[PDB]
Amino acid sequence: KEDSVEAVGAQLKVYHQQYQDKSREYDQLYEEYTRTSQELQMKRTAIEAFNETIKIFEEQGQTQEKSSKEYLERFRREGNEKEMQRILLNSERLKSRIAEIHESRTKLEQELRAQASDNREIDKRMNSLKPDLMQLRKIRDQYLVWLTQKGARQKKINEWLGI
């Protein structure tokens, strides 16, 4: 019968469109994934630059209080309160400045981690599409083979596929 053949052909058409659609959905995700993945790479790199500056500053604060303890042994005997209250004030200049760049590193890192976490979600969404993609492709291929086996030529197959 030429009716069972057109019915399968129509059903092939349905599965192929579904597969083209899931497949486009999949690749959209893949492209958003690879993109934010580069952005993450640029953030990590900027964080690395934050890290080395912060390093410098930390090993300078520890260098300006490693001598400011021994030089509260010449300035122990005083005790000025317009001059003695002033020599730990540049210790406060240095602390407020490590703190400030810490605040800035931590806001970058907070943004990076949230972004990384968003891309893991995209990866899950893709990974979730696979079983339907696989099933659909296979089933679309079985319809195609059944039509070949019943005498359909490539040109007719191609018309049902819409290609």
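We number the residues from 1 along the sequence you see.
For the pair 92 to 100 and 119 to 127, the record assigns the higher mean C-alpha temperature factor to 92 to 100. Per the PDB record, of the two stretches 129 to 137 and 38 to 46, 38 to 46 carries the greater mean B-factor over its C-alpha atoms.
Comparing the listed residues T106, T53, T63, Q28, the entry records the largest Cα B-factor for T63. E111: CA B factor in the lowest third of modelled residues in this chain (values from the PDB entry). Ranked within its chain, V8 lands in the lowest third, by CA B factor from the PDB record.
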